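Data first, discussion second: the structure below is written as structure tokens.
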Amino acid sequence: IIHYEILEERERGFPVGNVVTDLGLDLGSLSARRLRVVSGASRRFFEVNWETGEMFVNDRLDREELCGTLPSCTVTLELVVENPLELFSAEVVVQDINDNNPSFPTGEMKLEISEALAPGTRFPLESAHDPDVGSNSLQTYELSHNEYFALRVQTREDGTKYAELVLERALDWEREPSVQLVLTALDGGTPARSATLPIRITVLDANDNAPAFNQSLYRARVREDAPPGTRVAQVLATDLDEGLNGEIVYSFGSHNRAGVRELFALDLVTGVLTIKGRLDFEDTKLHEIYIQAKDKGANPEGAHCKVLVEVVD
Amino acid sequence: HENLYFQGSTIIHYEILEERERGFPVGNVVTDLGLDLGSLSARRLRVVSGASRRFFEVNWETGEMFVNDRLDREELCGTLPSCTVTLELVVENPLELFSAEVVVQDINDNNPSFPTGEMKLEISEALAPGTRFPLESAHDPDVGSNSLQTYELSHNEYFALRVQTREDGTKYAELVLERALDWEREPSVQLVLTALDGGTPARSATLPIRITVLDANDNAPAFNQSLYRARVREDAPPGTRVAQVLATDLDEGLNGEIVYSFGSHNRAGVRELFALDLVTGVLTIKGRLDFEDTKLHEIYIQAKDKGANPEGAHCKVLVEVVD
Ligand SMILES: [Ca+2]
Ligand SMILES: [Ca+2]
Ligand SMILES: [Ca+2]
Ligand SMILES: [Ca+2]
Ligand SMILES: [Ca+2]
Ligand SMILES: [Ca+2]
Ligand SMILES: [Ca+2]
Ligand SMILES: [Ca+2]
Ligand SMILES: [Ca+2]
Ligand SMILES: [Ca+2]
Ligand SMILES: [Ca+2]
Ligand SMILES: [Ca+2]
Ligand SMILES: [Ca+2]
Ligand SMILES: [Ca+2]
Ligand SMILES: [Ca+2]
Ligand SMILES: [Cl-]
Ligand code: NA
């Protein structure tokens, strides 16, 4: 058994070794002994030169195709001569070169993340793969500079690596509903090869804002003979959240006396306060009506205002 | 009349607890008005009857004013800090009207209550400690110390309780995740939130909180053994069973469902010579073995789950070809 080692991906014609020098054959006899490479059903990776005795690269030796992520890659063959018939075995170690970049399986990663997630939350990212071996395989990841996430690179027990985002500062949908990052995967080649993966973070609104009335106090004057349906006031609150979280419902507050709901009506959607019953100047000249605004989100915080309805003779 | 008023208010001013029984004596308006009990009967003393309920009546003979209907401060005045019922008294001969007023004082006749009989949260075991979860608010319609004061949470190993006070003085509780959940160990957690007022004793309401822990893919497959050995006759035909490899995964559903494949850790030709069932882990002969060509095949097999960020497990099958 003769042993050679070459880099993968050598050009056709690249010299591997010499049968005169290594197998002790006589150069003048090669044609007569019909020296040949035996390849079997495998590819004709190697051929021999009768004029020089040199064995050489005759087809593409791609270590990734041949041996995947095996730490070592060996191609075997035989040489046969006749007169007399002899078979010689040789093995060629095919050494890795850094001819591949890392790559991510997708062109981008999209994430949806609630602004309500506490710092400390971790999010594993899409892994990169590099088909080379040893130092030429994936080494680490880097993350673009940003205001929210730190990067941790974790090594699994089988030696493979993935990146994790670690939320360091809370997201804020009101301030920045979209965050763009770039994850770079690097191999450990010299020079290093890399790939990038854009990460598109969509921040999801949470109900972290209470309604707020445009004013705390509304004042109205209404003739005591005003008929049912008479518009008294329209209150208005706004909410910074989106959707249900920002959608406001008006109601009578708990800070009201019995009677308010029979004397007044309130549109829960429009905040319009109307006369429902009959006012009476001599009975009550001033009504104090507390109104609450709540959103349709989780854990709604109430906003409150007061409407002072002055009854006019 | 010489003294019907003090600092702008009627002197016919009484203060009683809410929810007194009918007939409960409030005061004597004749003694306080200084009316002549002598000719009282001629004056037909009575409470003026308006549209509102007759909460009080007066004995026209004695002047005694008493509770005549239920006085529920919660209905009357909601969460207003003070509750005054006003009324008028009339006498004839001559006709006169007097204002009167009765302060209705709160008693702690209500528990807090929750708007639902239960609450559910679904929480991933992958959520970080420090995460907070708002819980349903309780309401107590009494006032002052008789209204909602605090919340307590059942003893548990994962969550602390915080009680927050909003700008309007209402209070809610939130769970705070203090120790990570773990689906593999406890896939659900049951808690009880108690709302308490500040009465003596404190009145309370409870809210069952049922937490479903959501599984995360935080376990890699693990092979039963790292190395499998087989001896196969070189004339073994296609379909010949070589080995069955087996990995297990502690996670739930897809996160724990295992797929077997040939590892990247293999030489070209492994897929042509062998076959591997991706579900059962059964390795079979596919091509033709040849003892003179190759005496020993090293096959690496990978197990990966169907969850997020799968971590592969690996094993090796040594197939010895028998002449
Ligand atoms: Ca290559
Ligand atoms: Ca390579
Ligand atoms: Ca590489
Ligand atoms: Ca926000
Ligand atoms: Ca928000
Ligand atoms: Ca809101
Ligand atoms: Ca009038
Ligand atoms: Ca009138
Ligand atoms: Ca009038
Ligand atoms: Ca009551
Ligand atoms: Ca109470
Ligand atoms: Ca009460
Ligand atoms: Ca777990
Ligand atoms: Ca799990
Ligand atoms: Ca798993
Ligand atoms: Cl050439
Ligand atoms: Na006076």
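Ligands are counted one by one from 1 in listed order, and the atoms in each one are counted from 1 as well. The figures that follow rest on heavy atoms only: side chains count, while hydrogens, waters and symmetry mates do not. Throughout, protein chains are lettered first and strands after them, A, B, ... in sequence-line order, and every chain is numbered starting at 1.
Remark: the A:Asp187 side chain and the A:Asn98 side chain contain an N/O donor-acceptor pair separated by less than 3.5 Å. One side chain, B:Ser188 or B:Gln190, offers a donor N or O that lies under 3.5 Å from an acceptor on the other. In the model, A:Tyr162 has no side-chain atom that pairs as donor or acceptor with a side-chain atom of B:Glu311 under 3.5 Å. A donor-acceptor pair shorter than 3.5 Å cannot be found between the side chains of B:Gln302 and B:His265.
Nearest N, O or S atom of B:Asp218 to the Ca ion (ligand 13): atom OD2. Distances from the Ca ion (ligand 13) to the N/O/S atoms of B:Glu125 are shortest for OE1. Within A:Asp132, OD2 is the N, O or S atom that lies nearest to the Ca ion (ligand 3). For A:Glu224, the N, O or S atom closest to the Ca ion (ligand 9) goes by the atom name OE2.
The distance from the Ca ion (ligand 13) to the nearest N/O/S atom of B:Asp215 is not under 3.0 Å. Not one N/O/S atom of A:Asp99, from backbone or side chain, sits under 3.0 Å from the Ca ion (ligand 3). Under 3.0 Å from the Ca ion (ligand 3) lies no N/O/S atom of A:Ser137, from backbone or side chain alike. With a cut-off of 3.0 Å, the Ca ion (ligand 3) has an N, O or S atom of A:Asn136 in range. The Ca ion (ligand 13) has an N, O or S atom of B:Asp182 closer than 3.0 Å. Within the 3.0 Å limit, A:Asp313 places at least one N, O or S atom next to the Ca ion (ligand 9).
Residues A:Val166 and A:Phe149 form no side-chain contact, since every pair of their non-hydrogen atoms from C-beta on lies 4.5 Å or further apart.
Paired with B:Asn217 under the rule side chain to side chain donor-acceptor pair (under 3.5 Å), one option of B:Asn309, B:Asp305, B:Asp249 passes, and it is B:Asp305.
Taking the six-membered ring where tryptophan is involved, the planes of A:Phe104 and A:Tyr141 are tilted, since the angle between them lies from 30° to 60°.
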